[PDB]
Each structure stands twice: as structure tokens, then as C-alpha cells.
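Notes to accompany the following structure.
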Amino acid sequence: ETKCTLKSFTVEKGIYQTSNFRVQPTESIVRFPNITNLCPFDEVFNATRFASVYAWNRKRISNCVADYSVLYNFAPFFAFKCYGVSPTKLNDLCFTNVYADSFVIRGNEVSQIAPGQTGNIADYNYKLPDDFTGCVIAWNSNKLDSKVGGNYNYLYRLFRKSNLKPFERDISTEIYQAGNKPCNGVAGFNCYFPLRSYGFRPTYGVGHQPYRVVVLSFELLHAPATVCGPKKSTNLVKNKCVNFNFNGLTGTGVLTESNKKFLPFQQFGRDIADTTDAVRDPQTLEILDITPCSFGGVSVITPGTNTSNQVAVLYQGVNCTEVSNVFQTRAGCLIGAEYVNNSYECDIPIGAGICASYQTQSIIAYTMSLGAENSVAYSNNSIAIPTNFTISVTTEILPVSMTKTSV
Amino acid sequence: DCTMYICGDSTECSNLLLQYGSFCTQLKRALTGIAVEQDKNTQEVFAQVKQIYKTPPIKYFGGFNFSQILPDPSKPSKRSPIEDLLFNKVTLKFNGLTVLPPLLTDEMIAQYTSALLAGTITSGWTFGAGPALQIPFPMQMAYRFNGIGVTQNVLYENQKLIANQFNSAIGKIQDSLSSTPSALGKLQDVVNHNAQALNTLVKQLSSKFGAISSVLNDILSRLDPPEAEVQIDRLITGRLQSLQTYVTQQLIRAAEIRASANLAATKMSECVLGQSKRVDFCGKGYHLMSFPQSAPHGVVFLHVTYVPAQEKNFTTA
Amino acid sequence: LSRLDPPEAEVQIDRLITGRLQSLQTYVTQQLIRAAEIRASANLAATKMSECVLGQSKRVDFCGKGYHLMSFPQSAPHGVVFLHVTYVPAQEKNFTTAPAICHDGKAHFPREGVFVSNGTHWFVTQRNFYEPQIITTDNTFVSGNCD
Amino acid sequence: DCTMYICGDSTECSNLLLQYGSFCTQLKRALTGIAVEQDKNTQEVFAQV
Amino acid sequence: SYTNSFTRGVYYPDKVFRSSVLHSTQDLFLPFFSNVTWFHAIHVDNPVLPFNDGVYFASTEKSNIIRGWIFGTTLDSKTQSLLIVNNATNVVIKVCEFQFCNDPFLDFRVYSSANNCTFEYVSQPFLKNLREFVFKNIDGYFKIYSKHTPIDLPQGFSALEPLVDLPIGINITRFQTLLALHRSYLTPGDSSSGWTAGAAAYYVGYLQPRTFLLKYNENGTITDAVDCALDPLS
Ligand SMILES: *[C@@H]1O[C@H](CO)[C@@H](O)[C@H](O)[C@H]1NC(C)=O
Ligand SMILES: *[C@@H]1O[C@H](CO)[C@@H](O)[C@H](O)[C@H]1NC(C)=O
Ligand SMILES: *[C@@H]1O[C@H](CO)[C@@H](O)[C@H](O)[C@H]1NC(C)=O
Ligand SMILES: *[C@@H]1O[C@H](CO)[C@@H](O)[C@H](O)[C@H]1NC(C)=O
Ligand SMILES: *[C@@H]1O[C@H](CO)[C@@H](O)[C@H](O)[C@H]1NC(C)=O
Ligand SMILES: *[C@@H]1O[C@H](CO)[C@@H](O)[C@H](O)[C@H]1NC(C)=O
Ligand SMILES: *[C@@H]1O[C@H](CO)[C@@H](O)[C@H](O)[C@H]1NC(C)=O
Ligand SMILES: *[C@@H]1O[C@H](CO)[C@@H](O)[C@H](O)[C@H]1NC(C)=O
Ligand SMILES: *[C@@H]1O[C@H](CO)[C@@H](O)[C@H](O)[C@H]1NC(C)=O
Ligand SMILES: *[C@@H]1O[C@H](CO)[C@@H](O)[C@H](O)[C@H]1NC(C)=O
């Protein structure tokens, strides 16, 4: 690695930095609140009785969790079709309005509830837009919406002057003028009533049994998308650097226990350097500190390929408790060398007053010696007078000029 | 870390970072060169002596008092009261920014300072020009007074007065260094500059440099990969420029520190390890001797000066 | 300029020029810093040449470690090597020292050197070489009594 | 002054300039430091007496 | 009348924690030493109150004097307006499109003629009894900050803590207070219902985009905040 970093084959003696040590996260936990609200789908699917098709009700949902889990409500659906939105991908989408329309029609009339259809229910009772984005759920309800004597409680409009607009509701009961005179508002020849009854019976055929059909209208009006389904629910890893996604706040690190108290409304937390070091868990009220795990830099201490090939590793600025004689110093932690107790001359600088060398055998590590020890006898009546002279030569090399270059 | 500071735990960001060139292997190289150069300036001034000298047990040099400059064996850290006072006044891994500790700690520099003090007190100036020669302190002071032209009689007769003046000056050194905290600024402001250099990089990471967001997790989740590549490229360019200007400032400050360290080593060699005839290179006035004291990021020289006073008018021919 | 048309490849050339200018400005800054460093080194070398080769200086370690006597320069393709001749004392010996000598009620002090004693004897010497000489009036001066 | 050198009589330009960061904050600080240092060099040679 | 807001109008700029540090932020704050309007002697006109940069509402009511607030565009037909009513143990916030009179009163129960909306937002009821409120509307969020501190406006320091958020975007340009009395007045045109009651006073102060430097202590509570465009020292 040192040869690749220096781009050579015969490295010299010393310490060289090659790369950095990083601990990869094992898991990735996400924590959101358990539940705040929920769409009342138990009311629009498990009601005691639904309304007619000419007077269909519409319930607005704007402050609830859009949890699409219709599977537990009569899972053997007879007609489960989706328009514009995928069936399974709908659970991970946000919208503006979650208007839900419900009505009861015949078995052979469920096909008319679709974008671009022609018939009595589609044109005179309930019309869907062409570019409709939603889902249509229909299930059999013969046991509930039919009696032996005839369930004439559900009515439908059969005659009307013109077709209904998409998402239009009309409850008018005016006598339809089929002839030339308005009949002055009486029932007679060419004066027919618009609403007709069904009279569901349990002995009817599959095409005539009542089918509770519900329409989930979806639309996006560039709103903050208050409605949203469930996100996730995981545990809390301790003493290990993992990936946290707390309420959109994403990061990687260790979540350790702390003792500082926060405010009831404060959830996040930053230091003076604008670094996220504290975040409140959405599951339970408890603050934890964000501290990174083992992180630093690796350095190879080599005596040079001319002598031998045994090298030593040094992790700088990181404790080596977590992930060959291991020894902890003040400037880092070195492996591959043994700490000697006799101080010699410093050869390879490491830091904090520790230097490595080759004993001649293996890499050593010793506290650098500042020199020898010599204490002169200081006396008020003694002196040291020289006797001999020595003429020595001292070399002092200093650069003068440089390489004149131009581009 | 040129890979971590620009790219935050991202693989494609690191794959795109190598397209700029060899700047990651150049800025880190310049930084480690600055570190090695700073590791050498500490050995050109404090490590001038070859052998460590010690103080004799008899605390009687002739009448002078060196208790405030000699190390005190009572305290755990073997330093002088002046060094302990100076140490209590210098106020001292985030996003891939580490601080490498120096080789020579505060203990080895203290040992070098004590050795230099012992050499300049017991041996005089012979410890810095060859073998150490024993010599009494009053005779060393007589040599230093004769080196500037003053006869040795004024010292061999009026010795108690000079000793009392030196003791009073050593005592008032601490009272003068206690008040006016702006005196120890040259050792702090540069450190403050580090506080304005190591923290200014993380402060600029919150800026989007024109992008939609500052973190990569939002860009790689909101926008599409093919169209968000220009935003990542612009962020990498901005971070590279913000790191290059920091490297340039660090180079300039390292050159300044190198010049200051060369000047300090020259003053240590020409004032502590001998007496110089220069005017104000070893303090204003007539220089006699100099005592060095260590500091976590510098050296304090106390120069003893002989100043004439109480002059009178006379006739000359 | 061959794969894409100039009207559709202008931003690429602009970004290339910007990147190359940014890479060259850093080189220019490094060259300026290194030129300042070399200028300081050359000024120091010229000062040492003037104060060590063209005369003798009283500085301690500016013209070599020890007592400087002379200096010889030697050229090199990118620098200069100064060979400093240093006089170093050695083979020192212990002797007894005294500030002055009180005789005839007067305290005499030496002019050059100090008084060395090796046992029931006293001589005058210098501060750099042992030369025992009898205490005479030429190398001594009276400056009062030993009170 | 970067606010006037980079943006000539423009408010949106000044708003977008702060988005870049604290480049001007350190630039003007270095300029003031250079000014103070040049004001100090005249007192170390002429103001010795 | 007109009073001077010496050192009040500060709130938390974000839901972050800090420990004895300094934060300079450019937000929409109330300028210190500003000339606010004190409507104390107006005991039921001037119903034109803008909502440009927010509302700083200071109250010193004894007990249950104010019944709520209104925030609309023009208070006309087909106008998105939010009415907030604070009862004894319940609070309601309803946004709808309906016309309002000059001074909607409560004692009453039905303000307008018809209110056909299906909005639902229920929270904790809000209402030496100083009560400060800061109302802003930004990024489709109608943010409100409430604080109940003892003691008109003294020289103390008290921040505004965010409690609830409402995602809604409306060009609000109106502001109306809801007074509570005893006598009945069903006529919407007659704007004269002065009755002897406790002290009623609603301060009105407009916010401004300014830069504030706040100091966060070790506990994470705003204890000091200075402006940058009112004094050379600041
Ligand atoms: C979520 O459930 C846990 C376990 O019962 C509970 O401690 C916590 O308070 C719940 N969250 C909220 C917001 O109530
Ligand atoms: C090998 O080469 C290195 C390079 O400087 C040198 O330091 C070392 O002494 C050499 N070893 C031998 C055994 O020649
Ligand atoms: C590293 O961890 C060990 C284990 O507790 C500890 O004894 C040692 O002091 C740590 N090193 C540093 C520099 O804190
Ligand atoms: C140094 O001393 C320690 C403790 O006395 C011992 O554990 C270690 O083995 C010694 N090292 C060597 C190289 O002997
Ligand atoms: C030297 O001074 C210190 C205090 O400055 C004092 O405690 C000590 O006794 C003095 N020693 C002598 C020998 O005067
Ligand atoms: C010498 O005399 C002048 C006036 O003739 C006077 O100003 C000066 O102070 C005198 N010198 C001293 C040392 O008093
Ligand atoms: C002088 O004497 C001391 C001890 O009395 C001794 O350590 C020293 O070596 C002697 N000097 C020489 C030059 O031998
Ligand atoms: C001292 O040195 C002198 C040199 O002139 C010599 O004559 C004398 O004998 C010496 N005395 C002793 C005791 O060595
Ligand atoms: C506030 O404004 C009113 C009228 O706008 C004025 O009468 C009053 O003096 C002002 N108050 C201050 C403190 O300026
Ligand atoms: C009105 O206040 C009463 C308590 O006096 C409370 O029971 C009721 O729910 C409140 N009504 C609304 C709509 O908040």
C-alpha cells in the first residue's frame, strides 16, 4: 500500500501516510412515532348500512395517516381495480385530498363505475372523470343488504334530462318530463318518477346481488401533503455506529446515552460548528448524543526495503480498543512493534516523544532521548582551564537560486 | 481528509472526485509537509544543546536567587514558577479534520530549557561552544561586565547591590507578566487564527454553493441521478476551492512561523548561549545574559540589562 | 470540437478553461511561496557569506558551532556550502580560582585572564589557554583594599 | 467590499452572495490584519526612541 | 395609543438545542425599541389591520377576557379565513370561506350565517399575567408562538416557545380580536356594545426581517438576544 501511495518500488526509511481508517455501519435503524391519527376506513367499509347511489355520501380525510390496509376487509374482493396509481405503491405516496365516495349498486353495474363508461349508473347516478387517479373497491354484500321480503331501501335514478358531470351529486326528485307537457308535477302518462327501487333478495343471481362499491378519489393541489402513511419502526442500537433516519434527519454514527436535559418542544440539536450531535428519539422521550466510532488515519512505518520488509502500522488520533504488539500512546496507537524501556536516539518520528527503529530483528518503539547526562561540580573556588586546542571543520549548506521556469 | 471533507460517506461522490485531478494527493501532501516543517522548528532552538546539564544541590551561587527560573521538584511537572504562570494564560476529528500532536511534548521542552539554564548559569557560555567549563557565577558576571568595557571592580565591590537588584527584577517579572494580559498575545492570536481556520471549514459546509441542499442524502433522494450530477459537481468544486484557500492560508502562516522560529533560534543562540555586542538584538540597552523559558507555542527570553543612571556634568578634554 | 457542434459544446470548453485556470493559479501561488522562501534563504546565505567569509564575526553559532576563525565558500548547482574553521578547547583541568589578590593592604585585580592555583602557588592566565605566569604589575592593577 | 464589488446595485445578487458562505468575512478580516500589520511596521523602526 | 417595545419580541428560530453558544440568524423578528400601537381605550372601530410580516399580540387580561382571534384576507364572501376560539378546556381552529361582520363577538355562538367546512384541528387549549403571542405565515405554515410570563411591558426577557404548527397557505391580510362581555347584541351593523368589564387591551406590532444574535445558555433557554440595526454597539 505504501508503494502504491508513493508510486515507487524501493521505499526509504520512515513513516508514510497511505489512507484513512473507517468503520462501516452494520445496521440502519429508522425511528418514527408510533401513531398519531388514522383514516377511519372502518366506518366507510364496515358500516351498518350505506347510502343509495343517487345520494352517495362523501367523507373528507385530510388529517389522518393514509394506511392502505384494505386487505382485512373482505379480502376476496370481486373487483379491485386501480387507475393511475399502482396498487402496492399507493401505500408510499402522499396526496392533498383523500375524498372517499360510497354507494351500493348491482353486480353487473360495477363495470360502469370507471373512467369512460356509458350506462344508467355512470351517466344518471355517479360519473367519474376521464383522468381519474384513484382506486375502486367492490365486494359482495348480499347477506347484509338483502331480506326475504325485499330490501327496497336503496333507490336509483333511471330517467334524467341530461348526463351528470364528474363528481356531481343531485338529489332532485322532480317528475321527469318525457312527453310534451310538464304534467304540472303529477304522475301519469309520459310523467315518470326519476327514482326507482332495487328490492334486493338473497335468492337473486350473482349479477343482481348488491355490491357495496367505494371510490377513493385522489388529487394533488400542490399542498403540504398532510396525509401520509406509516413510515417505519425499528429498535435502538447502542454503542455501535449505525445509520439513523430520525424524522428525516439522516446520519451515521454512534448513539450514546447522555445526561443533559432538553426542552419539551426541542427535538434536534447542533453544536457550535453546525454539527448534529443530539437528537430526540421519536419513539420515547429520551435524548442521546451522536458520537462517531473509531475514525482516524493509518500510517506505515517502514525501515526501508534495503534493510528488510517488516513494517508497522499506526492509527493516529483514535483509540485501538476496538477494530503484533498493541500499545497505546498519546499520539495514537501502533501495532507491529514492541515498547522498549531503554531510551535511544530517535530515528523515525511518530509523535508524543516516541520513535521507532530497527534493533537488529523487528521494529521497536522507545521514548526519544534528549541527550546524555553530565552534571558539572559548581564551586565558588574551582574552575576548569583548557590546555589543548582542536581545529575542526563545520559544513553549512544553503540554497541560493532556484529553477527558472515559465508556462 | 480530501475524500471525507468533500464527500460525506458517499461512493459515487468519491468515484467522481478523482475526475478533477491530483489535488487530493497534493493538498494533503502540502499539509503533511507543513507538519514536518513545524516538527523541525522545535529542534532548532530548544535542542541546540548536546548534553543535558543539571542544577547542583547547593542553592548558593554567590548571592543571587534563581528560584523562579529553576524547576521546582515539589510540583509533578518539573517546571519553573514562571513557566507555570505562563502555562495558565495560553487558552487552547470533525468532518475529517484531525490535529496531529507535536513530537516534543511540554516535558521534553522543559528539560531542554532546564539544561540550557544550567549551562548558562554554571558553565556560562562554554557549554554552547565546546566542552563545559566550571566557573562561579560572580566570575561569569565579571567576564560579562568586562566584555562591554566595564571594569570588574564595580562588581567585585558592589556585589550585594547588584544581587538585590537582580532578585527584585526576577520577583517583579511575575508581577509584570500577571497584569496586562495583552502581552502574551503573539502566542494566542495565532492559536486564535487556528480557531478561525479549523472551524471555518465546517462552517462553510452548510452553504449549498448554489445547489438545492447542502447534504448529499437529500440531493440523492429528491432529485434524479442524471440531473443532480451537476449539483454534486458544483458542490465538489466549491469545497475544493474552500479547501485550497485554507491550504494557501496555512502555507502563508507556516512560512511566517518558520521565519519567527528562525529568528527565535538566532536570538537563543546569540543571547542565551553567549553574550553579543548587538544593540537591541538581546534586549534594549547593554546586554549581559539571557534566560529562556518554554511556552506551549513559543519561548520567552528574559534579558538582563545594565543601564547607567544618576549621571553628572563634568569637563572633558 | 469534433464530436459536438461549437454552439452545443461551448459550456464544456468553458468548464475546461475554468478548471485549467484554477489548476494553474494554485501552481502560481505555490511558485510565489517557494520563491519567497528561496529569497529568504538566499538573503540569509548572503549575510553569512558577508559575516563569515569576508571577515570574522563575534557571533556564537552564525559562522559555525563554536569559536569561528574563518570560512571557505564552495559552489553548488543550486546553493553554497560554507566550511567554517572552529577552534574548540579540550583537555581542560581543574584549578583553584580567586577574584583578586590582597597584598600590602591593596586588592589587585588581573587585567587579562584570572588567577589559577594548583597548591601553594598562584599564577596568571587567560580565559582560553593555560599559561602560568608570575603575578607582576604589568598584568595586574590596584583598585582598593580587600575590605 | 465584496457586497459592492461582486454585486453592483442589486438586492437579489446580495441575497445570493450570502448563500455562498463567509468568504467576505475572512477576506475583510485578512485585509484589516494586513492594514494593522502595515501600521505596526512603522513603529518598530522609526519609534524606537 | 403608542408604546415602546424596549426588549421584547424574540422567539426560537428553529427547534435545535444549543449549550452556551451564540447564534446569529436573519429571521422575521420584532425590532427592539419599536413604536407599537396600544389600543386600550377602544372599547368597541378601525377594523383594517394588515398581516404583512406577522402579529405580535401582548395581553394582560385578568381571566378569560379574550375568546380568540380571526385571520383572513378581506373578511368577505369566499375568503379563506381561520378562526381560533379558546374555550375553558378546548380550543378550535377552523379555516373556512364565509363573510364576517365588523366585530365578530362571542358570549355569539354562530359568527357568520353559514359555515360549511370539514376541517379538523384540535390541540391543547391556550387560554402578573402577561401573555405574548407571535403569529407568522411562511412556507405554507401558519406558525404561532405563545408564552405566559408574569409581570406594562417590563424590562425583563422572555422568549416565545413554539407549541403547534398548522400546514396551510393563505394570503392573510386581516386581524380581529374577540372580546367577551355579558350583554347580548345580535345586530351585526350596530358597532356599539361597550359594557363595564375588566381591563381589555390588545397591542399591535408589525414584524420586520432583521438579523438577531442570540445567546443560548447551558440549559438551552434563550436568555439574551440583541439586534443589529438599532445601535452601533449592537
Ligand atoms: C410509542 O410506544 C412506546 C411503547 O409503549 C411508548 O413508550 C411511547 O411513549 C409511544 N410513543 C408516544 C409518542 O406516545
Ligand atoms: C540501505 O539503504 C538505505 C537508504 O538510505 C540506508 O539508509 C541503509 O543504511 C542501507 N542499508 C545497508 C545495509 O546498506
Ligand atoms: C484508550 O482506551 C483504554 C481502555 O479504557 C484507556 O485505558 C485509555 O486511556 C484510552 N486512551 C486514551 C488516549 O484515552
Ligand atoms: C518494558 O517494561 C514493561 C513493564 O516493565 C514490560 O511489560 C515490557 O515487556 C518491557 N519491554 C521490553 C522490550 O522489555
Ligand atoms: C528566592 O525567592 C523566593 C521567592 O521569590 C523565596 O521563597 C526564597 O527564599 C528566595 N531564596 C533566597 C536564597 O533568597
Ligand atoms: C548639566 O547641565 C545642564 C544645563 O547646563 C542641565 O540641563 C543638565 O541636567 C545637567 N546634567 C545633569 C546630569 O544634571
Ligand atoms: C574536576 O573535579 C570534578 C569533581 O571534583 C570532576 O568531576 C571533573 O572531571 C574534574 N575536571 C576534570 C577536567 O577532570
Ligand atoms: C604548580 O604549577 C607550577 C607551574 O609553574 C609548578 O612549578 C608547581 O610545581 C606546581 N605545583 C604543584 C603542587 O603541582
Ligand atoms: C409613535 O407613533 C405615534 C404616531 O404614529 C406618535 O404620536 C408617537 O410619538 C410615536 N412614539 C414614539 C416613541 O416615537
Ligand atoms: C366550549 O367550552 C366548553 C367548556 O366551557 C367545552 O366543554 C366545549 O368543548 C367548548 N367548545 C368548543 C367548540 O371548543
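Here, A, B, ... name the chains of the C-alpha cells in the order displayed, residue numbers run from 1 inside each chain, and ligands are numbered from 1 in the same displayed order.
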>> Env of segment 33-46 of chain C: 10 Å cut, atoms = only C-alpha atoms, seq-sep filter 2 positions within chain, self excluded. Answer as a list in words.
In response: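 The filter keeps residues 396, 397, 398, 399, 400, 401, 402 and 403 of chain A; 248, 251, 252, 255, 258 and 259 of chain B; 27, 28, 29, 30, 31, 48, 49, 50, 51, 52, 79, 80, 81 and 82 of chain C.
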Take the residues from that selection and put them in a file with N, CA, C and O atoms, as a short mmCIF file (atom, residue, chain, number, x, y, z; two decimals), in the first residue's frame.
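Just written: result.cif:
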```
data_model
loop_
_atom_site.label_atom_id
_atom_site.label_comp_id
_atom_site.auth_asym_id
_atom_site.auth_seq_id
_atom_site.Cartn_x
_atom_site.Cartn_y
_atom_site.Cartn_z
N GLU A 396 28.01 23.97 6.32
CA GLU A 396 26.71 24.63 6.36
C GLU A 396 26.24 24.85 4.93
O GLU A 396 26.80 25.69 4.22
N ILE A 397 25.23 24.10 4.51
CA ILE A 397 24.74 24.14 3.13
C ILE A 397 23.48 24.99 3.09
O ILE A 397 22.57 24.80 3.90
N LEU A 398 23.43 25.93 2.14
CA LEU A 398 22.28 26.81 2.00
C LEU A 398 21.99 27.04 0.52
O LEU A 398 22.91 27.38 -0.24
N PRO A 399 20.74 26.88 0.08
CA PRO A 399 20.41 27.16 -1.32
C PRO A 399 20.41 28.65 -1.60
O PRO A 399 20.18 29.48 -0.71
N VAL A 400 20.68 28.99 -2.86
CA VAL A 400 20.77 30.39 -3.27
C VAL A 400 19.71 30.69 -4.33
O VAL A 400 18.83 31.53 -4.13
N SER A 401 19.79 30.00 -5.46
CA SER A 401 18.90 30.22 -6.59
C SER A 401 17.92 29.07 -6.73
O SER A 401 17.95 28.10 -5.96
N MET A 402 17.04 29.18 -7.73
CA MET A 402 16.04 28.15 -7.98
C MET A 402 15.99 27.81 -9.46
O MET A 402 16.82 28.29 -10.24
N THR A 403 15.02 26.99 -9.86
CA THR A 403 14.86 26.60 -11.26
C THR A 403 13.91 27.59 -11.94
O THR A 403 12.71 27.59 -11.67
N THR B 248 -3.72 27.49 1.26
CA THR B 248 -2.88 28.65 0.98
C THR B 248 -2.64 29.48 2.24
O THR B 248 -1.51 29.91 2.51
N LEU B 251 -0.19 27.65 4.36
CA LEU B 251 1.17 27.79 3.85
C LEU B 251 1.76 29.14 4.22
O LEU B 251 2.92 29.23 4.64
N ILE B 252 0.97 30.21 4.08
CA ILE B 252 1.47 31.54 4.43
C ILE B 252 1.79 31.62 5.92
O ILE B 252 2.86 32.11 6.32
N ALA B 255 4.96 29.66 6.69
CA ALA B 255 6.15 30.43 6.35
C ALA B 255 6.44 31.50 7.40
O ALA B 255 7.59 31.71 7.79
N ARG B 258 7.81 29.79 10.42
CA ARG B 258 9.19 29.37 10.17
C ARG B 258 10.14 30.55 10.32
O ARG B 258 11.22 30.41 10.92
N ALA B 259 9.78 31.71 9.77
CA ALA B 259 10.62 32.89 9.93
C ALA B 259 10.74 33.29 11.40
O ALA B 259 11.84 33.60 11.88
N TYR C 27 -0.69 26.54 -8.87
CA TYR C 27 0.73 26.38 -9.17
C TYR C 27 1.46 27.72 -9.07
O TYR C 27 2.59 27.78 -8.57
N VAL C 28 0.84 28.79 -9.55
CA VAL C 28 1.46 30.11 -9.46
C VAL C 28 1.62 30.53 -8.00
O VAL C 28 2.65 31.10 -7.62
N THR C 29 0.62 30.24 -7.17
CA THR C 29 0.71 30.58 -5.75
C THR C 29 1.81 29.78 -5.07
O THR C 29 2.58 30.32 -4.26
N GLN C 30 1.90 28.48 -5.37
CA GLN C 30 2.97 27.66 -4.81
C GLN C 30 4.34 28.17 -5.25
O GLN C 30 5.29 28.21 -4.46
N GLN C 31 4.46 28.57 -6.52
CA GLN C 31 5.72 29.11 -7.01
C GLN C 31 6.07 30.41 -6.31
O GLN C 31 7.24 30.65 -6.00
N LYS C 48 25.48 35.38 5.73
CA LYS C 48 26.52 34.51 6.28
C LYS C 48 27.81 34.61 5.47
O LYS C 48 28.91 34.57 6.04
N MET C 49 27.71 34.76 4.15
CA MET C 49 28.89 34.95 3.33
C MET C 49 29.61 36.24 3.69
O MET C 49 30.85 36.28 3.75
N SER C 50 28.86 37.31 3.95
CA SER C 50 29.47 38.60 4.26
C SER C 50 30.03 38.64 5.68
O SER C 50 31.03 39.33 5.91
N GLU C 51 29.43 37.93 6.62
CA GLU C 51 29.84 38.00 8.02
C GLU C 51 30.73 36.85 8.45
O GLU C 51 31.22 36.85 9.59
N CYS C 52 30.97 35.86 7.59
CA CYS C 52 31.82 34.73 7.93
C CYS C 52 33.01 34.58 7.00
O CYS C 52 34.12 34.29 7.47
N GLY C 79 23.18 26.09 -4.80
CA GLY C 79 23.44 26.57 -3.45
C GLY C 79 24.92 26.79 -3.20
O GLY C 79 25.74 26.76 -4.11
N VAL C 80 25.23 26.99 -1.92
CA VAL C 80 26.59 27.26 -1.47
C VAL C 80 26.82 26.53 -0.15
O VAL C 80 25.93 26.49 0.71
N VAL C 81 28.00 25.95 0.00
CA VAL C 81 28.40 25.24 1.21
C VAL C 81 29.54 26.02 1.85
O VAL C 81 30.58 26.26 1.23
N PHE C 82 29.33 26.44 3.10
CA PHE C 82 30.34 27.14 3.87
C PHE C 82 31.07 26.15 4.77
O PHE C 82 30.43 25.41 5.53
#
```
Could you list the residues in chain C lying within 9 Å of chain B, using only C-alpha atoms, and format the result as a compact mmCIF listing (two decimals) with N, CA and C atoms, in the first residue's frame?
```
# COMPACT_ATOMS: atom_id res chain seq x y z
N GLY C 19 -11.35 25.05 -15.22
CA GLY C 19 -10.59 24.08 -14.44
C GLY C 19 -9.09 24.22 -14.62
N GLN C 22 -7.94 27.33 -12.79
CA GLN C 22 -7.91 27.09 -11.35
C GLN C 22 -6.73 26.22 -10.96
N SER C 23 -6.37 25.25 -11.81
CA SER C 23 -5.22 24.40 -11.52
C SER C 23 -3.90 25.13 -11.71
N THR C 26 -3.17 27.80 -8.61
CA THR C 26 -2.57 27.16 -7.45
C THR C 26 -1.08 26.93 -7.66
N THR C 29 0.62 30.24 -7.17
CA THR C 29 0.71 30.58 -5.75
C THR C 29 1.81 29.78 -5.07
N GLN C 30 1.90 28.48 -5.37
CA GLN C 30 2.97 27.66 -4.81
C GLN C 30 4.34 28.17 -5.25
N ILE C 33 5.16 31.29 -3.22
CA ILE C 33 5.55 30.97 -1.85
C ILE C 33 6.96 30.41 -1.82
N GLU C 37 10.41 31.85 -0.11
CA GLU C 37 11.26 31.04 0.76
C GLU C 37 12.70 31.03 0.27
N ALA C 40 14.35 34.40 1.00
CA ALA C 40 14.79 34.49 2.39
C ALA C 40 16.05 33.66 2.63
N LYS C 58 31.93 37.95 15.83
CA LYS C 58 31.90 37.51 17.22
C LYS C 58 30.62 36.76 17.57
N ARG C 59 29.82 36.39 16.58
CA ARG C 59 28.58 35.67 16.83
C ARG C 59 28.87 34.22 17.21
N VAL C 60 27.94 33.63 17.95
CA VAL C 60 28.19 32.33 18.57
C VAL C 60 28.08 31.21 17.54
N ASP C 61 26.89 31.03 16.96
CA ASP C 61 26.64 29.94 16.02
C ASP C 61 26.15 30.45 14.67
N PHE C 62 26.55 31.66 14.30
CA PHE C 62 26.21 32.19 12.99
C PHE C 62 27.26 31.85 11.94
N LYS C 65 29.42 26.23 14.78
CA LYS C 65 29.22 25.91 16.19
C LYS C 65 30.57 25.99 16.91
N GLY C 66 30.74 27.02 17.73
CA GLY C 66 31.96 27.20 18.50
C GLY C 66 32.58 28.57 18.24
N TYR C 67 33.90 28.62 18.35
CA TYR C 67 34.66 29.85 18.12
C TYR C 67 35.05 29.92 16.65
N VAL C 88 38.21 24.79 19.15
CA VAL C 88 37.49 24.21 20.28
C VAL C 88 38.51 23.88 21.36
N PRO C 89 38.32 24.35 22.59
CA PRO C 89 39.20 23.92 23.69
C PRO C 89 38.92 22.47 24.07
N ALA C 90 39.94 21.84 24.66
CA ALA C 90 39.83 20.45 25.09
C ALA C 90 40.94 20.17 26.10
N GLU C 92 40.77 20.07 29.36
CA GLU C 92 40.75 21.03 30.45
C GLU C 92 41.18 20.36 31.75
N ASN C 94 41.21 20.98 36.30
CA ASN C 94 40.68 21.70 37.45
C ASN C 94 41.77 22.55 38.10
N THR C 97 40.46 29.05 41.72
CA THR C 97 40.31 30.41 41.23
C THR C 97 40.00 31.36 42.37
N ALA C 98 40.38 32.62 42.19
CA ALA C 98 40.17 33.66 43.19
C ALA C 98 39.92 34.98 42.48
N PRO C 99 39.04 35.83 43.02
CA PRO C 99 38.76 37.11 42.35
C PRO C 99 39.97 38.03 42.25
N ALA C 100 40.62 38.32 43.38
CA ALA C 100 41.73 39.26 43.41
C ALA C 100 42.79 38.73 44.37
N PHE C 109 43.62 43.32 41.03
CA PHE C 109 42.82 42.57 40.09
C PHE C 109 43.58 42.37 38.78
N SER C 143 42.91 48.45 42.77
CA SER C 143 41.64 49.15 42.76
C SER C 143 41.05 49.26 44.17
N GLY C 144 41.89 49.34 45.18
CA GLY C 144 41.46 49.47 46.56
C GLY C 144 41.97 48.32 47.41
N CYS C 146 41.09 44.99 50.28
CA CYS C 146 40.19 43.84 50.38
C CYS C 146 39.30 43.95 51.61
N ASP C 147 38.52 45.04 51.64
CA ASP C 147 37.57 45.27 52.71
C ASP C 147 36.14 44.92 52.33
```
>> To check your reading of the model: which residues sit at most 6 Å from ligand 5 when counting only C-alpha atoms and all ligand atoms? Write the answer as a PyMOL selection string.
In response: chain B and resi 65+67+171
Write as an mmCIF file with N, CA, C and O atoms, in the first residue's frame the residues around ligand 3, taking 7 Å as the cut-off and counting only C-alpha atoms and all ligand atoms.
```cif
data_model
loop_
_atom_site.group_PDB
_atom_site.id
_atom_site.type_symbol
_atom_site.label_atom_id
_atom_site.label_comp_id
_atom_site.auth_asym_id
_atom_site.auth_seq_id
_atom_site.Cartn_x
_atom_site.Cartn_y
_atom_site.Cartn_z
ATOM 1 N N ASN A 319 -8.368 5.590 19.480
ATOM 2 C CA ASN A 319 -8.040 4.520 20.410
ATOM 3 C C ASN A 319 -8.220 3.165 19.736
ATOM 4 O O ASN A 319 -9.161 2.957 18.965
ATOM 5 N N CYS A 320 -7.309 2.238 20.033
ATOM 6 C CA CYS A 320 -7.292 0.921 19.406
ATOM 7 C C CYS A 320 -7.938 -0.151 20.277
ATOM 8 O O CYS A 320 -7.526 -1.315 20.236
ATOM 9 N N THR A 321 -8.947 0.219 21.071
ATOM 10 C CA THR A 321 -9.671 -0.781 21.848
ATOM 11 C C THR A 321 -10.507 -1.677 20.943
ATOM 12 O O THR A 321 -10.529 -2.901 21.119
ATOM 13 N N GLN A 328 -0.718 1.535 23.361
ATOM 14 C CA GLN A 328 -1.412 2.813 23.277
ATOM 15 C C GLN A 328 -0.475 3.940 23.687
ATOM 16 O O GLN A 328 0.141 3.885 24.757
ATOM 17 N N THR A 329 -0.372 4.957 22.837
ATOM 18 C CA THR A 329 0.451 6.131 23.088
ATOM 19 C C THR A 329 -0.432 7.375 23.156
ATOM 20 O O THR A 329 -1.657 7.310 23.025
ATOM 21 N N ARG A 330 0.211 8.525 23.365
ATOM 22 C CA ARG A 330 -0.506 9.794 23.404
ATOM 23 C C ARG A 330 -0.724 10.389 22.020
ATOM 24 O O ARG A 330 -1.582 11.265 21.866
#
```
>> List as a list in words the protein and nucleic acid residues near residue 98 of chain A, meaning an atom at most 7 Å away when only C-alpha atoms are counted, but skip any in the same chain fewer than 5 places from it.
In response: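 Everything that qualifies: residues 60, 61, 62, 216, 217 and 218 of chain A.
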Dump C-alpha atoms for the selected residues as a CSV table (one decimal), in the first residue's frame?
```csv
chain,number,residue,atom,x,y,z
A,60,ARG,CA,-63.2,14.2,3.6
A,61,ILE,CA,-59.9,12.9,5.1
A,62,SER,CA,-57.1,15.4,5.5
A,216,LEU,CA,-61.2,6.6,-3.4
A,217,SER,CA,-60.7,9.9,-5.2
A,218,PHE,CA,-57.1,11.2,-5.1
```
> Which chains and residue numbers are within 7 Å of ligand 6, counting only C-alpha atoms and all ligand atoms, if I want them as an MDAnalysis selection string?
Replying inline: chainID B and resid 310:313
